[PDB]
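Here's the structure we're looking at; comments come further down.
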Amino acid sequence: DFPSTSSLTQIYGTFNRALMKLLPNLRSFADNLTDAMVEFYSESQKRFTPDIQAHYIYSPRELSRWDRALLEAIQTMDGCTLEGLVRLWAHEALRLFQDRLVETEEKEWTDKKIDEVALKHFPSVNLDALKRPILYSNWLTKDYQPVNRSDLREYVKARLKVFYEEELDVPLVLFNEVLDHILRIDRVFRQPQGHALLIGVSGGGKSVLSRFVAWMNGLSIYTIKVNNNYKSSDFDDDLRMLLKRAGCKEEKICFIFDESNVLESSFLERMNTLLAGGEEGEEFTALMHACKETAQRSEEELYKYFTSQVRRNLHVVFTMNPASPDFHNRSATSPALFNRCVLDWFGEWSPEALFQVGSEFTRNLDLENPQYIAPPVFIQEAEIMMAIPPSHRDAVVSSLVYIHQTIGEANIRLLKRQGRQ
Amino acid sequence: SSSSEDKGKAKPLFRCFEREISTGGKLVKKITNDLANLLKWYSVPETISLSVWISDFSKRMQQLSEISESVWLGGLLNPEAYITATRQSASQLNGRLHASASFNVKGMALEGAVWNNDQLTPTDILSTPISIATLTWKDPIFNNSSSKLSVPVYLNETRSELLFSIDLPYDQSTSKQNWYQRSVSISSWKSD
Amino acid sequence: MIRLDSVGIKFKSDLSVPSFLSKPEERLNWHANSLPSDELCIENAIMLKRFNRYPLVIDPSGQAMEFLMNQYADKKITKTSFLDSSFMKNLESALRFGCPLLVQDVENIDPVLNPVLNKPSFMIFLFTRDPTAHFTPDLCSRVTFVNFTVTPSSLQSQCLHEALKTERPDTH
Amino acid sequence: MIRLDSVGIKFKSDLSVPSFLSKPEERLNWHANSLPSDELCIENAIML
Amino acid sequence: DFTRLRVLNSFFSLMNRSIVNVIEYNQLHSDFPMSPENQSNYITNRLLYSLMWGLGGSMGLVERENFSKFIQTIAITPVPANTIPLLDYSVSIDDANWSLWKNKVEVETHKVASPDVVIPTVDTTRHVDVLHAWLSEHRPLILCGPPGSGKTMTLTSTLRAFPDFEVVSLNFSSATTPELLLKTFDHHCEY
Amino acid sequence: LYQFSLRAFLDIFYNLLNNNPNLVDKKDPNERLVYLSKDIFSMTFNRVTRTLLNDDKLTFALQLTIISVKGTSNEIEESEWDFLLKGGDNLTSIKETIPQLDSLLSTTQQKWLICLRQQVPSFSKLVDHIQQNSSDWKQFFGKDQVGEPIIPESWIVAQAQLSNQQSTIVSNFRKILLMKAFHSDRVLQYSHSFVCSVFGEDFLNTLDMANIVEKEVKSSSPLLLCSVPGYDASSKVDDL
Ligand SMILES: Nc1ncnc2c1ncn2[C@@H]1O[C@H](COP(=O)(O)OP(=O)(O)O)[C@@H](O)[C@H]1O
Ligand SMILES: Nc1ncnc2c1ncn2[C@@H]1O[C@H](COP(=O)(O)OP(=O)(O)O)[C@@H](O)[C@H]1O
């Protein structure tokens, strides 16, 4: 079973006491760190149990990725103050505990415990350390380091202007969550055997974003092109090649596999195996002949070399909609998925995101009207969120958001009445 | 809100400590729970911030513990007692106090002076800590006392509770008047 | 409308999307081509014209497939299905020559169209005879539903209009 | 006002209860009689 | 499931191991072999110890705790105070009287949360003693628990403390079959 | 003891407009508004100071000052006026240290410096400054050294450039923050100085009882002389 809180405090207390040697100025915060990691972990584990959401299982594995992420960040910074150590501890807590959450109510509970625990163990820390959003990225400065929505937006907005001419010419509204994901996905791609599991609404941004960041890391995108007549024999073929370019060519690749892609249960298994480690007939020849070929550019040792490239050169990005009946049972089906990949929950687009998209998509429309007076019921609405005295344009875009939502609910009602979905 | 949630994470001699430990505990428990609910059993300076009282309080209970398994005089709960005690204990063996069958104290401070060359001498500091001192009850020596200075030991800065009085030599280079008006004293409790 | 009204945005109270996106003349030609006269169909006809994403028609009683067949003969309308393989080719031909292609039995749509539906005089109409049919959230997202299954109101209209059309042929 | 608007009762979007219940002359004299010249007091004045 | 022979084998294997520590002990301290006094207290203790791990291994944690208490509240031979589950105790080959596991067995900045490092605790310790008895008998033990509980770690670690074991990992799936496991032999062994 | 009435302020306000000495010759509007804008402060202080015990004449003077620059170029940052009021209030809980500065700073001193760098953005680079140019902060952090602590001009300029604030008044305020942190006995010296760089060497200066009681107090308002134990004002009254 799981070590006890005492057992754990001792295990990670040792790790931290040794990690905190990179920070002599914070030597007295080590056991402090251990108590906060071990406390937040326990609290999340008990607040988020499987009966609520399958993948709401936790383990000391979190504590370890947490400590290893801490070690990596700290190693790339000329010193760190308490506030530095506390913001880094919060950020990693969010990636390893919050990203996976389904309901906003669940993310708020999380954002609350993080703050609560941080103050209970880091009393002298200045709240500025926990100012939301807690962002980080290795794109605007020498090493890893905090970043803010704006500066990051001007950046990605620039790196997007070039992404359009070249790659994909599909206009992307950089609403809040988008920034959140093209950073989480990044982290994943910046690691060996780095695989991600993006689960959310359809047409929500999982593929386009996975691309922009595959592009940012110079990763090559690949996807099987399934069809009404695509046999379970058609797969290993593409598989032979995908791995082919990964191990032999040493070509970094982002293989974006969708849930509709599995036209046969056997399909999962194939991926489920390559999902972890790295990897017959006549084939087995070139699959070593090429090895050799590049190996250039003992037999067995040769095949480890291939299965060792694939692992740290190929990236798997699974995308799923938690609404298709080929979802929940998917985990019991391919237990390496929601257990080997970095799960990042996209979910729905917030009312705030809907405001943005509708806003920017109508930036060029003339929605002005100087003879328009915002009614009291609407001046109040802006209050809870938009110019001091709401504009006609505000009236329009926000009503596009309101209308969008009425359809969500009318759907719930249709279901609870005519049973149509 | 924030204030209480905080404080919470911080929560003839044997005769003497018996009452300390004992008493401390009752206060441990007392305050321990009294706070939990919501959601000066000893002497300390009038003005003194909450965070410091707590900070100091916490340090006193620890002082307490180290005592169990077995001396921060100005940290005990009843300094007066510990002394009136050592009077008899130090007496229960060999038997007016005197400094240097006797005890040793730490946590005290020199106010208005510093100890250089086994004697009291002038300074630019308002007060300097004393790491330790040996006192012994006599009956013998207090005869060359017209060449020494009487320095009072108060519970703390306020100078409002005298634990005892101790005689000490002084840098005779300065007048005995210069000294009397310098008002040097010893605090058994000093904050930091 | 209640939202637009509570916020200060002006719109027509007696608004009718159809008579706002089609001329009373064309609507007429629609009916001439077997479009049942019931505001439900008239409304559907509008979506069948101004649809953004392609249309997937739920027409259990077949009343629609007839319509679109006439309404679009003009442009050499084709009637294929995801059944016989003769299908695939028709799709290639209809995307080359730009003609309207109606495909029955959406019940099993090859995913090899997503880039088509996701995107010149070409257009495709996905169909169903199943009124009690369930489509995935993916399909739902890449499609423009148009529901032709008749309700008790819809039928009351279809009849009343049919009735008059025969009984008082003069005023008609 | 939100309530009236929500119920369909017509009213002046920008109604000054003070103007609606006292002539402009009646006010100049209020101030001349030392009424402090601020929105709060003018409102209080109509209450008195 | 609980089957009579499954727990008795787990238990026999331990008891045996017990006796092997005597054979082994003497084999070293040949100088002055184990006293009748000891080869009894020790063995009789190793019996009671063996009952709780041979039959309780497949029990929850608190379960195994209650179960051990029971052993203690019924055994005859000397047993530690009914104020510490016999679970928390081990049996020393010297004193031969019970001992506290807590009394059982640093890191480098960069190997900190490194996978292969295992800060030893009460759990990992009593675990290697138990698994040792089963690995020596070459039995096919099964570490069962939730993901992350320490299974993969517990194993690769005990085997590390026995340089005479060459371990080879393999990840079964819904479709693993005799053949897959087979092929994985033809690549490490010789017929 | 400090109960002041609106009527009392309104009385000050009236005189700011009418009976303002500093304003009895010019008639230009856009000229007179100049005096009006600043004289409200000094004039209010003249009337309030009469009720305040000496140790509170500067305390209230600091408040008046902070308000006068509000909305001007040299407006005091919140974080800065905050550190003055709460800075280091938690010192007894600071466990972080500044090793790089043991040969120069005590323990508590370091603690304090952590607060500064931590709470006030203008001092973001103080520790690095103390580090690079040690010999300036030399005597500053030093014990028994004749001569009043001196905040190095190198710093009063380095930081005067990092922030887009090259204002004397603001500079003089940042000096109070250092003193609160490292020389509490200088806080008053420097506060006074700051206040004086906004109004004038004179604003904080010590009152003919003739006029006041005669042509400056309405008969509806009594005259209290709340005094300190042993002090009897009784005399003063019978005199006049
Ligand atoms: N942040 C965004 N701003 C604007 N348009 C977007 C955004 N995210 C997605 N879209 C649009 O919606 C579509 C979403 O498709 P995609 O993200 O590839 O699939 P899924 O979200 O189902 O994985 C894209 O074609 C894109 O044009
Ligand atoms: N005593 C311990 N020392 C070091 N790490 C530990 C200890 N106990 C648990 N862990 C951590 O918990 C995780 C357990 O994972 P593991 O045992 O490999 O998977 P499973 O339990 O599913 O077989 C490891 O990643 C490890 O870092």
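By convention in this document, the chains of the structure tokens carry letters A, B, ... by their order, each chain's residues are numbered from 1, and ligands are numbered from 1 in the order they are shown.
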
Excluding range 39-52 of chain A and any residue of its chain fewer than 2 positions from it, enumerate the residues within 12 Å of it, using only C-alpha atoms, and give them as a tab-separated table (two decimals) with N, CA, C and O atoms, in the first residue's frame.
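Once everything was written out, this is out_18.tsv:
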```tsv
chain	number	residue	atom	x	y	z
A	2	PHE	N	0.26	2.40	0.24
A	2	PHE	CA	1.01	3.65	0.25
A	2	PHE	C	1.71	3.89	1.57
A	2	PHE	O	1.16	3.61	2.63
A	3	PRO	N	2.95	4.41	1.52
A	3	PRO	CA	3.70	4.69	2.75
A	3	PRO	C	2.83	5.64	3.54
A	3	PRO	O	1.96	6.29	2.98
A	4	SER	N	3.04	5.72	4.85
A	4	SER	CA	2.23	6.62	5.66
A	4	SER	C	2.78	8.04	5.52
A	4	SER	O	3.83	8.25	4.91
A	5	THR	N	2.06	9.02	6.06
A	5	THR	CA	2.51	10.41	5.98
A	5	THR	C	3.87	10.53	6.68
A	5	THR	O	4.75	11.28	6.22
A	6	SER	N	4.05	9.81	7.78
A	6	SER	CA	5.32	9.84	8.50
A	6	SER	C	6.37	9.18	7.62
A	6	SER	O	7.45	9.72	7.39
A	8	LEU	N	6.39	8.78	4.48
A	8	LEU	CA	6.65	9.67	3.36
A	8	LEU	C	7.52	10.89	3.72
A	8	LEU	O	8.48	11.20	3.01
A	9	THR	N	7.18	11.57	4.82
A	9	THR	CA	7.91	12.75	5.30
A	9	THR	C	9.39	12.42	5.43
A	9	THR	O	10.28	13.24	5.18
A	12	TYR	N	10.86	11.75	1.57
A	12	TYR	CA	11.10	12.97	0.83
A	12	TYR	C	11.86	14.02	1.63
A	12	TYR	O	12.47	14.92	1.06
A	31	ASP	N	12.74	20.86	5.47
A	31	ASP	CA	11.69	20.06	6.09
A	31	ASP	C	10.36	20.78	5.87
A	31	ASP	O	9.29	20.17	5.90
A	32	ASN	N	10.47	22.08	5.65
A	32	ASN	CA	9.33	22.94	5.41
A	32	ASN	C	8.69	22.50	4.11
A	32	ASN	O	7.47	22.35	4.02
A	33	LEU	N	9.54	22.31	3.10
A	33	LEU	CA	9.12	21.88	1.77
A	33	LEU	C	8.50	20.49	1.82
A	33	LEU	O	7.46	20.23	1.22
A	34	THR	N	9.16	19.60	2.55
A	34	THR	CA	8.67	18.25	2.68
A	34	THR	C	7.28	18.21	3.27
A	34	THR	O	6.45	17.49	2.77
A	35	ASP	N	7.03	18.99	4.32
A	35	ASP	CA	5.70	19.02	4.94
A	35	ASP	C	4.59	19.56	4.06
A	35	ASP	O	3.43	19.18	4.21
A	36	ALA	N	4.94	20.45	3.13
A	36	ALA	CA	3.97	21.03	2.23
A	36	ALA	C	3.68	20.11	1.06
A	36	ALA	O	2.54	20.01	0.61
A	37	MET	N	4.70	19.45	0.55
A	37	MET	CA	4.49	18.54	-0.56
A	37	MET	C	3.70	17.34	-0.07
A	37	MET	O	2.74	16.91	-0.71
A	54	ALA	N	-12.40	8.42	-12.80
A	54	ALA	CA	-11.45	7.32	-12.93
A	54	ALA	C	-10.02	7.76	-12.63
A	54	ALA	O	-9.47	7.38	-11.59
A	55	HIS	N	-9.45	8.58	-13.51
A	55	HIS	CA	-8.07	9.05	-13.37
A	55	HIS	C	-7.73	9.94	-12.16
A	55	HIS	O	-6.70	10.59	-12.13
A	56	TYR	N	-8.59	9.96	-11.15
A	56	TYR	CA	-8.31	10.74	-9.97
A	56	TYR	C	-7.60	9.89	-8.91
A	56	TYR	O	-7.96	9.88	-7.73
A	57	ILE	N	-6.60	9.15	-9.37
A	57	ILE	CA	-5.78	8.31	-8.52
A	57	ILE	C	-4.45	9.04	-8.40
A	57	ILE	O	-3.99	9.67	-9.36
A	58	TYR	N	-3.83	8.97	-7.23
A	58	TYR	CA	-2.56	9.65	-6.96
A	58	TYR	C	-1.60	8.71	-6.24
A	58	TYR	O	-2.02	7.73	-5.63
A	59	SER	N	-0.32	9.03	-6.28
A	59	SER	CA	0.65	8.18	-5.60
A	59	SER	C	1.92	8.95	-5.34
A	59	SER	O	2.07	10.08	-5.79
A	60	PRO	N	2.84	8.36	-4.58
A	60	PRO	CA	4.12	9.00	-4.28
A	60	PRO	C	4.87	9.32	-5.57
A	60	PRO	O	5.89	10.01	-5.57
A	61	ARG	N	4.35	8.80	-6.68
A	61	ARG	CA	4.95	9.09	-7.96
A	61	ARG	C	4.83	10.60	-8.21
A	61	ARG	O	5.69	11.21	-8.84
A	62	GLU	N	3.76	11.20	-7.72
A	62	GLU	CA	3.58	12.64	-7.87
A	62	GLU	C	4.67	13.33	-7.07
A	62	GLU	O	5.35	14.23	-7.56
A	63	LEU	N	4.83	12.89	-5.83
A	63	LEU	CA	5.84	13.45	-4.95
A	63	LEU	C	7.19	13.37	-5.62
A	63	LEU	O	8.01	14.26	-5.47
A	64	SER	N	7.44	12.31	-6.38
A	64	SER	CA	8.73	12.19	-7.03
A	64	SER	C	8.88	13.08	-8.25
A	64	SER	O	9.94	13.66	-8.46
A	65	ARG	N	7.85	13.19	-9.07
A	65	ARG	CA	7.96	14.04	-10.24
A	65	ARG	C	8.07	15.47	-9.77
A	65	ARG	O	8.73	16.30	-10.40
A	66	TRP	N	7.41	15.72	-8.65
A	66	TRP	CA	7.38	17.04	-8.02
A	66	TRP	C	8.78	17.42	-7.60
A	66	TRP	O	9.25	18.50	-7.93
A	89	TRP	N	7.13	25.78	-6.23
A	89	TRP	CA	6.48	24.68	-5.56
A	89	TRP	C	5.00	24.70	-5.87
A	89	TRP	O	4.37	23.65	-5.93
A	90	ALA	N	4.44	25.89	-6.05
A	90	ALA	CA	3.02	26.02	-6.36
A	90	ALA	C	2.76	25.61	-7.79
A	90	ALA	O	1.82	24.87	-8.06
A	92	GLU	N	4.42	23.59	-9.80
A	92	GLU	CA	4.52	22.16	-10.00
A	92	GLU	C	3.36	21.44	-9.36
A	92	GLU	O	2.98	20.37	-9.79
A	93	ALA	N	2.80	22.03	-8.32
A	93	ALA	CA	1.65	21.43	-7.66
A	93	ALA	C	0.48	21.50	-8.62
A	93	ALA	O	-0.33	20.58	-8.69
A	94	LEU	N	0.39	22.60	-9.36
A	94	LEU	CA	-0.68	22.82	-10.32
A	94	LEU	C	-0.59	21.89	-11.52
A	94	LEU	O	-1.61	21.39	-11.99
A	96	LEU	N	1.00	18.92	-11.65
A	96	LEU	CA	0.86	17.55	-11.19
A	96	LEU	C	-0.43	17.23	-10.46
A	96	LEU	O	-0.69	16.08	-10.18
A	97	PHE	N	-1.24	18.23	-10.16
A	97	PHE	CA	-2.47	17.96	-9.45
A	97	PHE	C	-3.71	18.60	-10.03
A	97	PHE	O	-4.79	18.05	-9.93
A	98	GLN	N	-3.56	19.76	-10.64
A	98	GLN	CA	-4.73	20.44	-11.16
A	98	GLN	C	-5.12	20.23	-12.60
A	98	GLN	O	-6.29	20.08	-12.90
A	100	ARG	N	-5.26	17.87	-14.51
A	100	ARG	CA	-6.08	16.69	-14.75
A	100	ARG	C	-7.56	16.84	-14.38
A	100	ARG	O	-8.39	16.10	-14.90
A	101	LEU	N	-7.86	17.77	-13.48
A	101	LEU	CA	-9.21	18.00	-12.99
A	101	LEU	C	-10.23	18.38	-14.04
A	101	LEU	O	-9.95	19.14	-14.96
A	102	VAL	N	-11.44	17.85	-13.86
A	102	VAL	CA	-12.54	18.07	-14.79
A	102	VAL	C	-13.41	19.30	-14.50
A	102	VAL	O	-13.60	20.15	-15.37
A	103	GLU	N	-13.92	19.40	-13.28
A	103	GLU	CA	-14.78	20.52	-12.91
A	103	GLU	C	-14.05	21.71	-12.31
A	103	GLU	O	-13.15	21.56	-11.50
A	105	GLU	N	-15.07	23.64	-10.15
A	105	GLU	CA	-15.26	23.60	-8.72
A	105	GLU	C	-14.09	22.82	-8.12
A	105	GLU	O	-13.66	23.10	-6.99
A	106	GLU	N	-13.57	21.86	-8.88
A	106	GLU	CA	-12.45	21.05	-8.43
A	106	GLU	C	-11.12	21.79	-8.55
A	106	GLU	O	-10.22	21.58	-7.75
A	107	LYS	N	-11.00	22.66	-9.54
A	107	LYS	CA	-9.76	23.42	-9.70
A	107	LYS	C	-9.63	24.52	-8.65
A	107	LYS	O	-8.53	24.86	-8.26
A	109	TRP	N	-10.93	24.36	-5.57
A	109	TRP	CA	-10.60	23.71	-4.32
A	109	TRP	C	-9.07	23.61	-4.31
A	109	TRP	O	-8.42	23.96	-3.34
A	110	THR	N	-8.52	23.16	-5.43
A	110	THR	CA	-7.07	23.00	-5.58
A	110	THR	C	-6.30	24.31	-5.38
A	110	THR	O	-5.35	24.36	-4.60
A	111	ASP	N	-6.70	25.34	-6.11
A	111	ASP	CA	-6.06	26.64	-6.01
A	111	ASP	C	-6.10	27.14	-4.59
A	111	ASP	O	-5.23	27.89	-4.17
A	112	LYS	N	-7.13	26.73	-3.85
A	112	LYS	CA	-7.30	27.13	-2.46
A	112	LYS	C	-6.38	26.37	-1.49
A	112	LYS	O	-5.83	26.97	-0.58
A	113	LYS	N	-6.22	25.07	-1.68
A	113	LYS	CA	-5.36	24.30	-0.80
A	113	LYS	C	-3.90	24.68	-1.03
A	113	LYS	O	-3.12	24.76	-0.09
A	114	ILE	N	-3.55	24.92	-2.28
A	114	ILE	CA	-2.19	25.29	-2.62
A	114	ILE	C	-1.81	26.51	-1.80
A	114	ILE	O	-0.76	26.53	-1.15
A	115	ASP	N	-2.68	27.52	-1.83
A	115	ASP	CA	-2.44	28.75	-1.08
A	115	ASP	C	-2.46	28.50	0.41
A	115	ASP	O	-1.60	28.96	1.16
A	116	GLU	N	-3.45	27.73	0.84
A	116	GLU	CA	-3.59	27.42	2.24
A	116	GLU	C	-2.38	26.69	2.80
A	116	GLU	O	-1.88	27.06	3.86
A	117	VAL	N	-1.90	25.66	2.10
A	117	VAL	CA	-0.74	24.92	2.55
A	117	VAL	C	0.50	25.79	2.49
A	117	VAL	O	1.31	25.80	3.41
A	118	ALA	N	0.65	26.54	1.41
A	118	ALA	CA	1.82	27.40	1.26
A	118	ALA	C	2.01	28.37	2.41
A	118	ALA	O	3.14	28.69	2.77
A	119	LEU	N	0.92	28.86	2.99
A	119	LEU	CA	1.01	29.82	4.09
A	119	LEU	C	1.23	29.12	5.40
A	119	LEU	O	1.84	29.67	6.31
A	120	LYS	N	0.72	27.91	5.51
A	120	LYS	CA	0.89	27.15	6.73
A	120	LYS	C	2.35	26.72	6.91
A	120	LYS	O	2.85	26.61	8.02
A	121	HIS	N	3.05	26.49	5.80
A	121	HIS	CA	4.43	26.06	5.90
A	121	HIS	C	5.45	27.13	5.52
A	121	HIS	O	6.59	27.09	5.96
A	328	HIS	N	-14.36	6.23	-21.16
A	328	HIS	CA	-14.14	5.65	-19.85
A	328	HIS	C	-13.50	4.26	-19.97
A	328	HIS	O	-12.37	4.04	-19.51
E	146	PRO	N	-2.12	-0.59	-5.29
E	146	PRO	CA	-2.48	0.44	-6.27
E	146	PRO	C	-1.26	0.95	-7.01
E	146	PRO	O	-0.13	0.76	-6.56
```

**OP:** Please extract the residues at most 8 Å from ligand 1, counting only C-alpha atoms and all ligand atoms, and provide them as number ranges by chain, using the chain letters and residue numbers of this document.
**Re:** A: 170-175, 178, 200-209, 319-321, 357; C: 118, 138

**OP:** Hey, list the chain A side of the contact with chain C: 9 Å cut-off, only C-alpha atoms, answer as a ChimeraX atom specification.
**Re:** /A:201-203,225-229,260,321,323-325,372-379,392,395-396,399,402-403,420-421

Original post:
Once you count only C-alpha atoms and all ligand atoms, which residues end up within 9 Å of ligand 2, and could you hand them over as a ChimeraX atom specification?
Top reply: /A:1-3,7-8,10-12,15,59-65 /E:113-124,143-156

Would you write out those residues with C-alpha atoms, as a PDB file, in the first residue's frame?
```
ATOM      1  CA  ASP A   1       0.000   0.000   0.000  1.00  0.00           C
ATOM      2  CA  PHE A   2       1.007   3.648   0.252  1.00  0.00           C
ATOM      3  CA  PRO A   3       3.696   4.687   2.746  1.00  0.00           C
ATOM      4  CA  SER A   7       6.947   7.231   6.278  1.00  0.00           C
ATOM      5  CA  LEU A   8       6.648   9.675   3.362  1.00  0.00           C
ATOM      6  CA  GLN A  10      10.989  10.726   6.003  1.00  0.00           C
ATOM      7  CA  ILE A  11      11.447   9.559   2.393  1.00  0.00           C
ATOM      8  CA  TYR A  12      11.098  12.967   0.828  1.00  0.00           C
ATOM      9  CA  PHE A  15      15.466  14.076  -0.819  1.00  0.00           C
ATOM     10  CA  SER A  59       0.650   8.185  -5.603  1.00  0.00           C
ATOM     11  CA  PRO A  60       4.118   8.997  -4.276  1.00  0.00           C
ATOM     12  CA  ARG A  61       4.953   9.093  -7.965  1.00  0.00           C
ATOM     13  CA  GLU A  62       3.580  12.636  -7.871  1.00  0.00           C
ATOM     14  CA  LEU A  63       5.836  13.450  -4.953  1.00  0.00           C
ATOM     15  CA  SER A  64       8.730  12.192  -7.030  1.00  0.00           C
ATOM     16  CA  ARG A  65       7.961  14.038 -10.240  1.00  0.00           C
TER      17      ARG A  65
ATOM     18  CA  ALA E 113      14.245  12.001  -6.813  1.00  0.00           C
ATOM     19  CA  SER E 114      16.163   9.781  -9.259  1.00  0.00           C
ATOM     20  CA  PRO E 115      14.113   6.569  -9.872  1.00  0.00           C
ATOM     21  CA  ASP E 116      16.762   4.117  -8.675  1.00  0.00           C
ATOM     22  CA  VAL E 117      17.219   5.702  -5.208  1.00  0.00           C
ATOM     23  CA  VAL E 118      15.320   4.174  -2.287  1.00  0.00           C
ATOM     24  CA  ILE E 119      15.273   5.971   1.086  1.00  0.00           C
ATOM     25  CA  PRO E 120      14.873   2.952   3.413  1.00  0.00           C
ATOM     26  CA  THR E 121      11.986   2.861   5.881  1.00  0.00           C
ATOM     27  CA  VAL E 122      10.170   0.441   8.119  1.00  0.00           C
ATOM     28  CA  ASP E 123       8.199  -0.752   5.095  1.00  0.00           C
ATOM     29  CA  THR E 124      11.040  -1.315   2.642  1.00  0.00           C
ATOM     30  CA  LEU E 143       3.315  -7.735  -5.207  1.00  0.00           C
ATOM     31  CA  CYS E 144      -0.235  -6.373  -5.258  1.00  0.00           C
ATOM     32  CA  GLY E 145      -1.321  -2.805  -4.610  1.00  0.00           C
ATOM     33  CA  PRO E 146      -2.476   0.439  -6.272  1.00  0.00           C
ATOM     34  CA  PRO E 147      -0.293   2.085  -8.909  1.00  0.00           C
ATOM     35  CA  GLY E 148       2.595   3.937  -7.306  1.00  0.00           C
ATOM     36  CA  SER E 149       2.374   1.967  -4.054  1.00  0.00           C
ATOM     37  CA  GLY E 150       6.007   0.906  -4.358  1.00  0.00           C
ATOM     38  CA  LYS E 151       5.753  -2.475  -6.106  1.00  0.00           C
ATOM     39  CA  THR E 152       8.110  -2.028  -9.055  1.00  0.00           C
ATOM     40  CA  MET E 153      10.508  -0.331  -6.607  1.00  0.00           C
ATOM     41  CA  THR E 154      10.324  -2.910  -3.835  1.00  0.00           C
ATOM     42  CA  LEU E 155      11.351  -5.610  -6.296  1.00  0.00           C
ATOM     43  CA  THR E 156      14.136  -4.068  -8.392  1.00  0.00           C
TER      44      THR E 156
END
```

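Distance-wise, CA of residue 164 in chain E and CA of residue 135 in chain E end up 11.3 Å apart.
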
**OP:** Would you please extract all helix (DSSP H, G or I) residues from range 36-149 of chain E, as assigned by DSSP on the backbone, and give them as JSON, numbers by chain?
**Re:** {"E": [38, 39, 40, 41, 42, 43, 44, 45, 46, 47, 48, 49, 50, 51, 52, 53, 54, 55, 56, 61, 62, 63, 64, 65, 66, 67, 68, 69, 70, 71, 72, 86, 87, 88, 101, 102, 103, 109, 110, 111, 122, 123, 124, 125, 126, 127, 128, 129, 130, 131, 132, 133, 134, 135, 136]}

**OP:** Considering only C-alpha atoms, return as a PyMOL selection string whatever protein or nucleic-acid residues lie within 9 Å of residue 35 in chain C, sequence-local ones (same chain, fewer than 4 positions apart) excluded.
**Re:** chain C and resi 27+29-31+41-42+45+63-64+66-68

Original post:
Out of chain B, which residues get strand (DSSP E or B) from DSSP, as a ChimeraX atom specification?
Top reply: /B:99,103-105,109-111,114-115,120-121,127-129,133-135,148-154,162-170,185-187

Each residue of chain A with at least one atom at most 9 Å from chain F should appear once, together with its nearest atom pair and the corresponding distance in Å (one decimal); atoms considered: only C-alpha atoms; ordering: chain, then increasing residue number; output as JSON lines.
```
{"residue": "A:24", "atom": "CA", "partner": "F:99", "partner_atom": "CA", "distance": 7.7}
{"residue": "A:25", "atom": "CA", "partner": "F:97", "partner_atom": "CA", "distance": 5.1}
{"residue": "A:26", "atom": "CA", "partner": "F:96", "partner_atom": "CA", "distance": 5.3}
{"residue": "A:27", "atom": "CA", "partner": "F:96", "partner_atom": "CA", "distance": 7.8}
{"residue": "A:28", "atom": "CA", "partner": "F:95", "partner_atom": "CA", "distance": 6.3}
{"residue": "A:29", "atom": "CA", "partner": "F:95", "partner_atom": "CA", "distance": 7.6}
{"residue": "A:81", "atom": "CA", "partner": "F:96", "partner_atom": "CA", "distance": 7.5}
{"residue": "A:82", "atom": "CA", "partner": "F:96", "partner_atom": "CA", "distance": 6.7}
{"residue": "A:83", "atom": "CA", "partner": "F:118", "partner_atom": "CA", "distance": 8.1}
{"residue": "A:123", "atom": "CA", "partner": "F:93", "partner_atom": "CA", "distance": 7.3}
{"residue": "A:124", "atom": "CA", "partner": "F:94", "partner_atom": "CA", "distance": 5.6}
{"residue": "A:125", "atom": "CA", "partner": "F:94", "partner_atom": "CA", "distance": 8.4}
{"residue": "A:126", "atom": "CA", "partner": "F:118", "partner_atom": "CA", "distance": 7.3}
{"residue": "A:128", "atom": "CA", "partner": "F:119", "partner_atom": "CA", "distance": 8.7}
```

Subject >> Selection: 10 Å around residue 65 in chain E, only C-alpha atoms, excl. self and same-chain fewer than 5 positions, as a VMD selection string >> reply: chain E and resid 52 56 59 to 60 70 84 to 88

Original post:
What's the 10 Å shell around residue 188 in chain F, counting only C-alpha atoms, without same-chain residues fewer than 6 positions away, as a PyMOL selection string?
Top reply: chain F and resi 55+58-59+176+179-180+194
